Amino acid sequence: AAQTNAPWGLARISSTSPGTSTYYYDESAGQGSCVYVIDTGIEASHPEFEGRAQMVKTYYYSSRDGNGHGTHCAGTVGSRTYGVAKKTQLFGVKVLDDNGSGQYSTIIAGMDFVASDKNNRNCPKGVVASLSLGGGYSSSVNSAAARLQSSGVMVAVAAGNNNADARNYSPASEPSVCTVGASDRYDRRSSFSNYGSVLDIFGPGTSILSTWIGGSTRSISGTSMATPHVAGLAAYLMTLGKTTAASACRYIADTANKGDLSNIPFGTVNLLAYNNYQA
């Protein structure tokens with residue numbers, strides 16, 4: 001399949017070179033997989049989701065996305081024009097209020113929710129969770145994300161936008177999940193992206209165009225925008241049968257574009273998510 005004039009990050013993840021604008025992918029497109037988006041909620045009624053998005057859980061007075069950030073991330077996972085996995089199922093878990101913040105105990109309770117709720121869902125090709133959130137180091141937040149991974153979900157988390165070692169953040173610093181940094185369209189590490197030995201992979205993070213609340217679109221930047229590129233890729237790759245939840249992060253790292261990014265500090269991996277699809 002070929003989507004012309006695609007957003008640059010989509011084209012990048014199906015390209016050995018920067019600077020192109022067509023996204024190539026196997027038409028299976030994540031059919032039969034499920035991605036949980038744990039964030040401010042999802043405007044499921046957005047036409048870009050085609051009835052494939054829905055809210056399954058909130059810890060606040062509404063499951064509505066009154067922020068946009070969770071909607072934007074879900075759009076990068078699986079919307080028709082901006083999504084990596086254009087046929088996946090999207091499940092929203094509103095752990096962040098409409099200002100984008102949430103207590104760690106609420107965040108922990110949402111991760112434990114997904115590790116159980118997946119048993120209430122039809123996802124024969126596998127389960128992914130995309131956590132575009134984070135704060136300072138917490139062993140209880142790390143262990144919550146470890147548990148979710150352990151239950152059989154591929155967990156993708158953002159490295160953080162502090163331009164610093166991600167060892168001091170959570171769940172970025174948990175080793176058993178997939179910690180994602182951000183790059184830009186010239187294959188530079190995004191200026192805000194955290195780095196360090198705990199990072200596993202880079203995805204497109206700067207000026208990422210996706211769905212927004214109110215039926216609209218907009219372009220924003222952040223390692224929360226790289227994370228859903230990798231989450232969506234995992235779901236896409238599990239549907240093709242090329243990997244499982246437990247080994248998706250390692251498979252993505254093994255098959256990535258090596259050595260293509262600049263301003264990657266010594267000791268950080270130089271790997272860019274790549275679907276390796278040959279049209």
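In what follows, every heavy atom counts, from backbone to side chain, and hydrogens, waters and symmetry copies are set aside. We're numbering straight along the sequence, starting at 1.
Across all non-hydrogen atoms, the minimal contact from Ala235 to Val35 is CB-CG2, 3.7 Å. Of all non-hydrogen atoms in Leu199 and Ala159, the two that sit nearest each other are CD1-CB, 3.8 Å. Minimum interatomic distance between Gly203 and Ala226 (heavy atoms only, all atoms of both residues): O-CB, 3.4 Å. The shortest non-hydrogen separation linking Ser170 to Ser173 is OG-OG, 3.5 Å. Residue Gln149 comes nearest to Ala245 through the heavy atom pair NE2-O, 3.3 Å, listed as atom of the first residue, atom of the second, then distance. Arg52 approaches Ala85 most closely through the heavy-atom pair NH1-O, 4.3 Å.
Listed for the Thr40 side chain is a donor-acceptor partner under 3.5 Å among the backbone atoms of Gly70. Formation of a donor-acceptor pair under 3.5 Å by the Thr71 side chain with backbone atoms of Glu43 is found in this model. Within the 3.5 Å criterion, the main-chain N or O of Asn163 finds a donor-acceptor partner in the side chain of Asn194. Judged by distance alone, the side chain of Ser63 and the main-chain N or O of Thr58 form no donor-acceptor pair under 3.5 Å. Remark: side-chain polar atoms of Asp39 are not paired, donor with acceptor, to backbone N or O of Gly41 under 3.5 angstrom.
Proximity of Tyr236 to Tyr25: side-chain heavy atoms (C-beta onward) are separated by under 4.5 Å at one or more points. Using a 4.5 Å cut-off on side-chain heavy atoms (C-beta onward), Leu237 and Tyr251 make contact. Contact annotation: the side chain of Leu233 never approaches that of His229 to less than 4.5 Å [non-hydrogen atoms, C-beta and beyond]. Inter-residue side-chain proximity for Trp8 and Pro204 is flagged as met; some heavy-atom pair is nearer than 4.5 Å. A heavy-atom distance below 4.5 Å is found between the side chains of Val84 and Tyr23. A 4.5 Å side-chain heavy-atom check between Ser193 and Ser183 finds every atom pair outside the cut-off.
Between the CE atom in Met55 and the OG atom in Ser62 there is a gap of 8.0 Å [rounded to 0.5 Å]. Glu27 CD to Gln31 CD: the interatomic distance, rounded to the nearest 0.5 Å, is 10.5 Å. Between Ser14 atom OG and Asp26 atom CG the span is 12.5 Å, to the nearest 0.5 Å. Atoms CD1 and OG1, on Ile201 and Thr227 in that order, are 11.5 Å from each other to the nearest 0.5 Å. Atom CZ in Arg12 sits 5.0 Å away from atom CG in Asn257 (nearest 0.5 Å).
Salt bridge status for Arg121 with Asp117: present, with a side-chain N to carboxylate O gap under 4.0 Å. Residues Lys94 and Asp98 are paired through a salt bridge, judged by an N-O separation under 4.0 Å between the basic side chain and the carboxylate.
Among residues at least two apart or in separate chains, there is no salt bridge (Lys or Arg N to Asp or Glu O under 4.0 Å) pair with a member in residues 57-74. Every pair passing disulfide bond (SG atoms under 2.5 Å apart) that includes a residue from residues 29-122 is listed here, sequence neighbours excluded: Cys34-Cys123.
Residues passing the salt bridge (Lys or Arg N to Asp or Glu O under 4.0 Å) test with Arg80 are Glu48, sequence neighbours excluded. Considering only residues two or more places apart in sequence or on other chains, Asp200 meets the salt bridge (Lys or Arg N to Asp or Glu O under 4.0 Å) condition with none of them. Contacts of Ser262 classified as side-chain contact (heavy atoms from CB on, under 4.5 Å), with partners at least two apart in sequence or in another chain: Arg188. Listed by chain and residue number, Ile42, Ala44, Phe49, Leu90 satisfy the side-chain contact (heavy atoms from CB on, under 4.5 Å) test with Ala53 (two or more places apart in sequence, or in another chain). Applying the side-chain contact (heavy atoms from CB on, under 4.5 Å) rule to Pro265 yields the partners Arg189, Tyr195, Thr268; only residues at least two apart in sequence or on another chain are considered. Remark: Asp97 pairs with no residue by the salt bridge (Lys or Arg N to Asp or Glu O under 4.0 Å) rule, at least two apart or across chains. Partners of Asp165 according to the salt bridge (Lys or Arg N to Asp or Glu O under 4.0 Å) rule, which considers only residues two or more places apart in sequence or in another chain, are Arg167.
With 3.5 Å as the limit, one finds a donor-acceptor pair spanning the side chains of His69 and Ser224. There is no side-chain donor-acceptor pair under 3.5 Å between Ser79 and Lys86. Residues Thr206 and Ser221 have side chains that never bring a donor and an acceptor to within less than 3.5 angstrom of each other. Checking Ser143 against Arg147 by side-chain atom types alone, a donor-acceptor pair falls below 3.5 Å. Inspection of the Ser101 and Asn99 side chains reveals no N or O donor paired with an N or O acceptor under 3.5 Å. Between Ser138 and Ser140, the side chains place a donor N or O and an acceptor N or O closer than 3.5 Å (distance only, hydrogens not considered).
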Are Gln3 and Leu10 close enough, and set up right, to give a side-chain contact (heavy atoms from CB on, under 4.5 Å), and what steps lead you there?
CA-CA 9 Å; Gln3 173 192 1; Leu10 297 191; 3.8 Å; yes
Would you please test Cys178 and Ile252 for side-chain contact (heavy atoms from CB on, under 4.5 Å) and show each step?
CA-CA 10 Å; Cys178 207; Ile252 289 168; 5.6 Å; no
Do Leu240 and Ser28 pass the side-chain contact (heavy atoms from CB on, under 4.5 Å) test, and can you show the C-alpha distance, the side-chain angles, and the key distance before you say yes or no?
CA-CA 7 Å; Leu240 282 175; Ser28 59; 3.4 Å; yes
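Counting non-hydrogen atoms of neighbouring residues, nucleotides and ligands closer than 6.0 angstrom, the CG atom of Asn120 exceeds 12 such neighbours. No more than 12 heavy atoms of other residues, nucleotides or ligands lie within 6.0 Å of NZ in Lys125, so this atom counts as exposed by the packing criterion. Counting non-hydrogen atoms of other residues, nucleotides and ligands closer than 6.0 Å to CD of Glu50 gives a total above 12.
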Let me have the donor-acceptor pairs involving side chains of residues 212-219, under 3.5 Å, with sequence neighbours excluded, atom names and distances please.
| from | atom 1 | to | atom 2 | distance (Å) |
| --- | --- | --- | --- | --- |
| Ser216 | OG | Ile213 | O | 3.1 |
| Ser219 | OG | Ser207 | O | 3.3 |
| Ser219 | OG | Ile208 | N | 3.4 |

Would you be so kind as to tabulate the donor-acceptor pairs closer than 3.5 Å made by side chains of residues 270-277, with sequence neighbours excluded?
| from | atom 1 | to | atom 2 | distance (Å) |
| --- | --- | --- | --- | --- |
| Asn270 | OD1 | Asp260 | N | 3.2 |
| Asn270 | OD1 | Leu261 | N | 2.9 |
| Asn270 | ND2 | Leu261 | O | 2.8 |
| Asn275 | OD1 | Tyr277 | N | 3.0 |
| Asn275 | ND2 | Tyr24 | O | 2.9 |
| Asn276 | OD1 | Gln278 | NE2 | 3.3 |

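Residues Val128 and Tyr82 are members of separate hydrophobic clusters, defined by side-chain heavy-atom contacts under 4.5 angstrom among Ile, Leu, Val, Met, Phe, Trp and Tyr. No chain of hydrophobic side-chain contacts below 4.5 Å, direct or via other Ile, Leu, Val, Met, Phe, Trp or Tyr residues, connects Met225 to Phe202.
Clustering of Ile, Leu, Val, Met, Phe, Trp and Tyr side chains at separations under 4.5 Å places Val93 together with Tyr36, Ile38, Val56, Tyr59, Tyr60, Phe91, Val95, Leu96, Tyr104, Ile107, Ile108, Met111, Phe113, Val114, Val127, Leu131, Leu133, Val141, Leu148, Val153, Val155, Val157, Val177.
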